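Peer 1: What follows is a single structure, and I will ask about it in a moment.
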Number of protein chains: 2
Amino acid sequence: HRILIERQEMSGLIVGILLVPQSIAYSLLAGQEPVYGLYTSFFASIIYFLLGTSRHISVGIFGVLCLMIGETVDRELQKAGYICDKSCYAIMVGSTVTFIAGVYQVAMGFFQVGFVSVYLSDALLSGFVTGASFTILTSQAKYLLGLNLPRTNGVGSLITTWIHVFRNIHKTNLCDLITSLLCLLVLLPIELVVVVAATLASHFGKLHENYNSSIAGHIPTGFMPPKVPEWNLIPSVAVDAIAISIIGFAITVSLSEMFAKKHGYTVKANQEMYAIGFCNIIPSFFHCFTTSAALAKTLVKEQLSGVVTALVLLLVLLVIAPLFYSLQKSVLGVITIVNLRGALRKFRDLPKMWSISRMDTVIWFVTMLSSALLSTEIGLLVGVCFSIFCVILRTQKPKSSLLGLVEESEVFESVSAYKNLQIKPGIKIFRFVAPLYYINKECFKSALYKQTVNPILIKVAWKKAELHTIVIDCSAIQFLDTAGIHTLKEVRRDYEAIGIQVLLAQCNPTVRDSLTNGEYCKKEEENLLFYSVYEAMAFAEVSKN
Amino acid sequence: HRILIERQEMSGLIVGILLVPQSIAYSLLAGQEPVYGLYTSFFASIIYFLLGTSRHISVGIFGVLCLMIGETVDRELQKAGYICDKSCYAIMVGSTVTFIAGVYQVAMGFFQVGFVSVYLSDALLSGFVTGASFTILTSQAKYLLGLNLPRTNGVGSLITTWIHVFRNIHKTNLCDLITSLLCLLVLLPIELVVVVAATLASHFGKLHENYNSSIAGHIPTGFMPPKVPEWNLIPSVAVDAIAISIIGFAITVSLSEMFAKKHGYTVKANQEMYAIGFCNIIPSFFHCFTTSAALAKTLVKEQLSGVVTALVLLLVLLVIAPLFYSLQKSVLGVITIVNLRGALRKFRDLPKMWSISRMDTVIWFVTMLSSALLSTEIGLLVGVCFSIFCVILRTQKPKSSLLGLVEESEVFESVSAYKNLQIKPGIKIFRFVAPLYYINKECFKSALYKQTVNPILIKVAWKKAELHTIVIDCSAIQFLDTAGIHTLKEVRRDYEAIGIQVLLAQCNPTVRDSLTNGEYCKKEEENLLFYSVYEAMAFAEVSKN
């Protein structure tokens with residue numbers, strides 16, 4: 001009773017006016033002069049308009065990217081202790097990091113090795129974004145309170161800044177706090193009106209006369225010399241540029257793909273990789289720090305309209321620049337806070353994530369904690385690795401149950417999950433859902449010994465002094481590592497020694513090849529491998545009689 | 001046409017005489033006085049006899065363990081630049097590492113958290129052992145040549161020592177080389193005769209008169225004060241002790257289990273963990289450096305006989321000690337080389353490993369290279385992580401094929417691997433062997449779009465301007481992460497929009513719960529989930545007509 005089978009041989013003005021206040025900071029947070037953030041936004045929009053495929057996205061300054069480049073800039077400053085002065089040296093450092101990141105992105109795009117973008121899960125990404133949003137929140141807290149705490153960096157930056165704030169809660173400006181409260185209650189085209197009102201009030205009332213920290217005049221136009229990167233700092237920033245490029249292009253391709261799935265569906269991942277690479281090389285020579293697809297802006301916008309944004313930026317870089325100076329830094333802080341509100345709202349729908357899948361929620365929380373309390377790069381690395389390990393954990397504990405026959409059908413279901421299932425005596429069909437390899441080898445052996453009889457104990461009892469065949473269903477066993485071949489041979493040998501016959505059913509072609517290479521089936525011994533659970537069970541029934 | 005199923009609610013003298021020459025070195029390699037290796041062997045045998053369960057093993061000095069403790073000792077010496085003198089300080093350092101490793105082992109045994117022992121595969125272990133064997137070979141090369149190269153440590157120790165040897169190949173003793181050649185040709189109870197002859201020749205001929213480096217007199221007995229560990233160096237050695245304890249107890253349990261499987265089969269893993277823990281704490285207070293199950297000795301032996309070994313050791317520690325001094329260090333080198341021959345022979349059977357499984361062979365080679373060229377601890381870590389990643393790689397590229405019906409049966413086989421399979425027109429049964437999660441989501445979508453039609457392209461062609469149902473077999477899909485739920489919903493939506501009906505078959509109970517929680521099945525929409533490939537295919541056949 002066997003079957004023989006043979007194998008084969010426009011709206012841009014809004015964003016453009018939202019980007020002006022949304023840069024000074026993302027530039028101040030980045031630790032550079034405010035006009036250079038505007039340079040970054042302008043060059044990013046212009047470059048993406050020249051070449052790009054998203055057709056609905058706002059590439060440019062990305063909070064998290066600015067935070068990472070700022071952390072790298074601060075570390076390089078502390079290492080060097082810095083013509084170069086202060087702003088210029090940091091700006092060159094940022095440009096060097098940008099050039100290296102763009103080179104990495106373009107190399108990955110050309111090599112077609114962009115598969116490294118699949119290790120992010122979007123849950124790791126949401127957690128990482130939320131952690132960075134909290135980090136930006138604490139960074140802007142000192143502008144919110146008009147404080148003057150010393151610069152801090154490294155693991156535990158969040159808690160260190162918070163405890164410094166607690167140390168000198170007092171001795172504030174008390175005008176920045178008041179205007180921050182006013183801007184907060186207004187915010188909760190609102191941003192444009194808010195910045196206009198704040199600028200008008202600061203200019204009319206002479207806020208800086210009361211020691212209120214405000215934005216100084218940023219040099220209009222300028223930037224005439226296209227200073228190339230120094231390239232001596234290349235080794236000192238390469239490791240940071242790796243993570244910067246990975247995050248930037250992964251977020252860009254994710255946003256492009258999601259918007260294309262919304263409509264159009266014409267986004268080519270390799271083309272976006274090329275575009276984000278050239279959005280970090282050509283601008284890098286033009287005093288820029290980074291570029292990536294911005295989550296919030298994209299929401300504000302929702303690529304010709306992008307040109308409009310650039311135009312507005314150019315106007316702000318041509319004649320509207322003095323209209324924006326002498327503006328209190330607290331307004332930039334509250335603007336940053338209300339833009340991070342969008343990423344912060346992900347907390348509200350935490351139960352929805354918990355209901356769908358628990359391990360993902362656990363990965364999300366672990367990534368959040370590692371990317372907020374610890375450093376950003378360490379947080380992302382902890383996230384990617386934790387996700388890879390979680391896949392391993394699912395294999396280590398694997399569903400395993402006996403199988404029962406469904407009446408008037410050949411369907412074999414799980415008796416531990418489905419009721420009214422018939423099992424004839426002397427036949428036990430074991431089912432192991434996960435792959436069998438070195439990790440769950442002991443678990444597979446223990447589960448089989450528990451559901452069925454234990455051959456070793458019964459043999460030792462016999463030496464001191466019902467069930468006759470076992471049908472091991474391998475339908476769900478995707479691969480069998482060297483340890484698996486040995487485990488299966490050992491199981492068969494023990495059960496043969498006790499007096500039981502072990503039958504393998506529904507084996508994958510790959511598992512069949514692995515068993516054949518391991519000499520499990522000997523030389524056409526037969527009665528060991530079967531193509532269906534039903535056929536093997538009927539064969540056992542015949543063999544018993 | 002559906003089925004309704006409801007869910008449930010003696011020989012010891014030989015080893016003892018082989019251990020004397022097999023310690024001086026494993027002590028010299030460890031960077032300590034030779035008599036302390038004998039102390040370690042004696043205390044290990046005595047402790048394991050008092051408590052233990054292997055009943056066939058030779059716990060004691062393990063080459064790799066001695067190498068690791070010696071590397072830690074050398075690094076601590078360089079950090080401190082060292083009453084303490086030279087030998088005593090290093091000995092205290094080793095004892096501290098031993099105490100910390102024993103504490104770690106006993107804590108893991110008590111906590112029943114020994115599951116961390118399942119991440120080694122025995123292929124990673126074989127590669128790690130081979131790499132350490134090469135490291136010991138290069139370390140003993142300088143005794144083989146009677147050289148005097150300066151001490152080296154860190155990543156690239158092997159190549160650095162080799163290039164130093166090349167730098168001064170000349171200016172050798174030329175007597176140590178000759179006696180090493182003689183011992184080599186004799187070796188290739190042989191070891192006992194060899195050491196006896198070497199000692200007799202060295203004593204009679206006055207080899208050290210010709211600047212031949214020989215073993216100095218080691219203090220007989222002694223060790224009366226049980227000097228407790230300093231405990232100030234505890235933080236400086238904890239990270240090394242972690243790896244030391246993991247390797248030691250994993251090797252011990254592996255050897256105990258394999259020998260028990262050979263016969264007896266009474267080894268309890270937790271009891272062995274406790275024993276190896278107490279084999280590194282009580283001796284640690286008695287001037288010992290480490291303890292683990294030795295691979296080679298065990299072969300020499302093959303626990304009452306272990307006592308015999310201790311007795312011999314005690315005699316060597318009582319009155320036979322001066323019988324062993326003034327013995328050329330080259331003899332110890334050749335003895336170490338011929339004992340590493342056993343681990344080196346694993347190269348000969350490399351094709352056998354390649355035939356059984358290729359990825360394991362790749363893991364073995366990667367671990368070998370990382371544990372020989374780079375440092376030992378970095379090699380082991382590179383091994384464990386690489387193995388965990390390799391499981392991920394198998395999922396990223398997953399077998400995927402269409403399914404065909406087997407004549408006069410309900411068996412559905414793979415048409416890409418099995419011939420003479422019937423597929424009626426308009427039905428395509430896709431099979432995805434690996435789990436569906438964030439890693440292979442794109443691969444699953446691409447494979448399905450390739451074998452069947454591509455809904456997005458056909459829809460865009462229709463907008464610019466045969467197959468009617470798809471049965472997705474989920475029998476091998478163990479788990480569905482949040483991304484999987486979204487991918488399946490997107491696939492169903494696209495195929496519904498084009499005009500095709502998507503059917504899921506043989507879903508696991510866990511996958512059913514995941515789909516239900518993700519609102520894939522809506523509210524009893526039916527005709528979406530089926531318990532068998534046959535039932536869903538017949539339902540499609542009826543629905544077409």
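Within each chain, counting starts at residue 1; across the structure tokens, chains are named A, B, ... in the order shown, with ligands numbered 1 upward in that order.
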Which residues of chain A are close to chain B, meaning at most 7 Å apart when you count only C-alpha atoms, and how do they look as a ChimeraX atom specification?
Peer 2: /A:5-8,118-119,121,355-357,411,417-419,433-434,438-439,475-476,478,481-482,514,517-518,532
Peer 1: Just write the chosen residues, N, CA and C atoms, as a PDB file, in the first residue's frame.
Peer 2:
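Saved file out_12.pdb follows:
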```pdb
ATOM      1  N   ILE A   5       6.201   7.831  -6.762  1.00  0.00           N
ATOM      2  CA  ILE A   5       6.374   9.119  -7.422  1.00  0.00           C
ATOM      3  C   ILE A   5       7.851   9.287  -7.742  1.00  0.00           C
ATOM      4  N   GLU A   6       8.149   9.707  -8.969  1.00  0.00           N
ATOM      5  CA  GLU A   6       9.521   9.848  -9.438  1.00  0.00           C
ATOM      6  C   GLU A   6       9.906  11.320  -9.485  1.00  0.00           C
ATOM      7  N   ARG A   7      11.088  11.635  -8.967  1.00  0.00           N
ATOM      8  CA  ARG A   7      11.576  13.005  -8.989  1.00  0.00           C
ATOM      9  C   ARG A   7      11.991  13.409 -10.398  1.00  0.00           C
ATOM     10  N   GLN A   8      11.859  14.699 -10.692  1.00  0.00           N
ATOM     11  CA  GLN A   8      12.390  15.228 -11.940  1.00  0.00           C
ATOM     12  C   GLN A   8      13.913  15.205 -11.918  1.00  0.00           C
ATOM     13  N   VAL A 118      15.827  44.625   4.932  1.00  0.00           N
ATOM     14  CA  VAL A 118      14.719  43.789   5.385  1.00  0.00           C
ATOM     15  C   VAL A 118      14.806  43.426   6.859  1.00  0.00           C
ATOM     16  N   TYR A 119      15.826  43.898   7.575  1.00  0.00           N
ATOM     17  CA  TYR A 119      16.020  43.549   8.978  1.00  0.00           C
ATOM     18  C   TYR A 119      15.459  44.591   9.936  1.00  0.00           C
ATOM     19  N   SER A 121      11.589  45.414  10.236  1.00  0.00           N
ATOM     20  CA  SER A 121      10.291  44.945  10.723  1.00  0.00           C
ATOM     21  C   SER A 121       9.224  46.029  10.827  1.00  0.00           C
ATOM     22  N   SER A 355      -2.569  42.948  21.002  1.00  0.00           N
ATOM     23  CA  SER A 355      -3.552  41.951  20.597  1.00  0.00           C
ATOM     24  C   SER A 355      -3.113  41.211  19.341  1.00  0.00           C
ATOM     25  N   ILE A 356      -2.537  41.927  18.374  1.00  0.00           N
ATOM     26  CA  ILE A 356      -2.184  41.311  17.099  1.00  0.00           C
ATOM     27  C   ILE A 356      -1.076  40.283  17.284  1.00  0.00           C
ATOM     28  N   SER A 357       0.006  40.693  17.956  1.00  0.00           N
ATOM     29  CA  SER A 357       1.158  39.784  18.199  1.00  0.00           C
ATOM     30  C   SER A 357       1.918  40.255  19.441  1.00  0.00           C
ATOM     31  N   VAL A 411      -8.177  14.275   6.573  1.00  0.00           N
ATOM     32  CA  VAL A 411      -7.576  15.391   7.290  1.00  0.00           C
ATOM     33  C   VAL A 411      -7.139  14.919   8.668  1.00  0.00           C
ATOM     34  N   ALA A 417      -5.779  20.780  20.235  1.00  0.00           N
ATOM     35  CA  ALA A 417      -6.521  21.982  19.885  1.00  0.00           C
ATOM     36  C   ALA A 417      -7.911  21.712  19.336  1.00  0.00           C
ATOM     37  N   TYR A 418      -8.157  20.530  18.778  1.00  0.00           N
ATOM     38  CA  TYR A 418      -9.442  20.193  18.181  1.00  0.00           C
ATOM     39  C   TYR A 418     -10.033  18.983  18.890  1.00  0.00           C
ATOM     40  N   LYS A 419     -11.333  19.032  19.162  1.00  0.00           N
ATOM     41  CA  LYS A 419     -12.024  17.982  19.892  1.00  0.00           C
ATOM     42  C   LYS A 419     -12.713  17.028  18.922  1.00  0.00           C
ATOM     43  N   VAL A 433       5.791  21.441  15.191  1.00  0.00           N
ATOM     44  CA  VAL A 433       5.489  22.520  14.256  1.00  0.00           C
ATOM     45  C   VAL A 433       6.767  23.188  13.753  1.00  0.00           C
ATOM     46  N   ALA A 434       7.754  23.354  14.619  1.00  0.00           N
ATOM     47  CA  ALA A 434       8.945  24.121  14.277  1.00  0.00           C
ATOM     48  C   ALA A 434       9.994  23.275  13.559  1.00  0.00           C
ATOM     49  N   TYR A 438      19.845  22.121  15.932  1.00  0.00           N
ATOM     50  CA  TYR A 438      20.612  22.034  17.203  1.00  0.00           C
ATOM     51  C   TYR A 438      19.935  22.785  18.347  1.00  0.00           C
ATOM     52  N   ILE A 439      19.033  23.715  18.047  1.00  0.00           N
ATOM     53  CA  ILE A 439      18.481  24.537  19.118  1.00  0.00           C
ATOM     54  C   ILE A 439      17.347  23.812  19.835  1.00  0.00           C
ATOM     55  N   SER A 475       5.628  17.435   8.217  1.00  0.00           N
ATOM     56  CA  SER A 475       5.108  18.376   7.234  1.00  0.00           C
ATOM     57  C   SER A 475       5.581  19.791   7.521  1.00  0.00           C
ATOM     58  N   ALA A 476       5.627  20.170   8.791  1.00  0.00           N
ATOM     59  CA  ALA A 476       6.022  21.517   9.163  1.00  0.00           C
ATOM     60  C   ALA A 476       7.515  21.655   9.415  1.00  0.00           C
ATOM     61  N   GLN A 478      10.729  22.435   8.231  1.00  0.00           N
ATOM     62  CA  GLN A 478      11.338  23.011   7.001  1.00  0.00           C
ATOM     63  C   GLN A 478      12.747  22.489   6.700  1.00  0.00           C
ATOM     64  N   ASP A 481      19.171  20.201  10.293  1.00  0.00           N
ATOM     65  CA  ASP A 481      20.639  20.425  10.384  1.00  0.00           C
ATOM     66  C   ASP A 481      21.321  19.105  10.752  1.00  0.00           C
ATOM     67  N   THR A 482      22.657  19.070  10.744  1.00  0.00           N
ATOM     68  CA  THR A 482      23.393  17.809  11.028  1.00  0.00           C
ATOM     69  C   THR A 482      22.861  17.192  12.323  1.00  0.00           C
ATOM     70  N   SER A 514      18.291  15.494   2.734  1.00  0.00           N
ATOM     71  CA  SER A 514      19.130  15.510   3.928  1.00  0.00           C
ATOM     72  C   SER A 514      19.173  14.143   4.596  1.00  0.00           C
ATOM     73  N   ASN A 517      21.324  11.766   2.439  1.00  0.00           N
ATOM     74  CA  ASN A 517      22.752  12.031   2.575  1.00  0.00           C
ATOM     75  C   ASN A 517      23.291  11.552   3.916  1.00  0.00           C
ATOM     76  N   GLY A 518      22.456  11.529   4.949  1.00  0.00           N
ATOM     77  CA  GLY A 518      22.856  11.071   6.262  1.00  0.00           C
ATOM     78  C   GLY A 518      22.721   9.588   6.498  1.00  0.00           C
ATOM     79  N   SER A 532       2.347  10.584   2.872  1.00  0.00           N
ATOM     80  CA  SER A 532       1.167  11.129   3.526  1.00  0.00           C
ATOM     81  C   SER A 532       1.014  10.478   4.890  1.00  0.00           C
TER      82      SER A 532
END
```
Peer 1: What lies within 7 Å of residue 492 of chain A using only C-alpha atoms, ignoring chain neighbours under 4 positions off, as a list in words?
Peer 2: residues 488, 496 and 502 of chain A
Peer 1: I want to know what sits within 9 Å of residue 104 of chain A, based on only C-alpha atoms, with residues of the same chain fewer than 6 positions away left out; could you give that as an MDAnalysis selection string?
Peer 2: chainID A and resid 241:242 245:246 277
Peer 1: Could you check which of A:484, A:109, A:248, A:379 is closest to residue 293 of chain A, using only C-alpha atoms?
Peer 2: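 Among the listed residues, the smallest separation from residue 293 of chain A belongs to A:248.
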Peer 1: Distance atom CA of residue 304 of chain A-atom CA of residue 49 of chain A, one decimal place?
Peer 2: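 Pair atom CA of residue 304 of chain A / atom CA of residue 49 of chain A returns 6.7 Å.
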Peer 1: Listing only residues of segment 277-360 of chain A within 12 Å of segment 135-141 of chain A, what is the closest atom pair and its distance in Å (to one decimal) for each, using only C-alpha atoms, sorted by chain and residue number ascending, as JSON lines?
Peer 2:
```
{"residue": "A:329", "atom": "CA", "partner": "A:140", "partner_atom": "CA", "distance": 9.3}
{"residue": "A:330", "atom": "CA", "partner": "A:140", "partner_atom": "CA", "distance": 8.3}
{"residue": "A:331", "atom": "CA", "partner": "A:140", "partner_atom": "CA", "distance": 10.3}
{"residue": "A:332", "atom": "CA", "partner": "A:140", "partner_atom": "CA", "distance": 8.5}
{"residue": "A:333", "atom": "CA", "partner": "A:140", "partner_atom": "CA", "distance": 5.3}
{"residue": "A:334", "atom": "CA", "partner": "A:140", "partner_atom": "CA", "distance": 8.1}
{"residue": "A:335", "atom": "CA", "partner": "A:140", "partner_atom": "CA", "distance": 9.9}
{"residue": "A:336", "atom": "CA", "partner": "A:140", "partner_atom": "CA", "distance": 7.7}
{"residue": "A:337", "atom": "CA", "partner": "A:137", "partner_atom": "CA", "distance": 6.3}
{"residue": "A:338", "atom": "CA", "partner": "A:137", "partner_atom": "CA", "distance": 9.9}
{"residue": "A:339", "atom": "CA", "partner": "A:137", "partner_atom": "CA", "distance": 10.3}
{"residue": "A:340", "atom": "CA", "partner": "A:137", "partner_atom": "CA", "distance": 7.8}
{"residue": "A:341", "atom": "CA", "partner": "A:137", "partner_atom": "CA", "distance": 9.9}
{"residue": "A:343", "atom": "CA", "partner": "A:137", "partner_atom": "CA", "distance": 11.5}
{"residue": "A:344", "atom": "CA", "partner": "A:137", "partner_atom": "CA", "distance": 10.3}
```
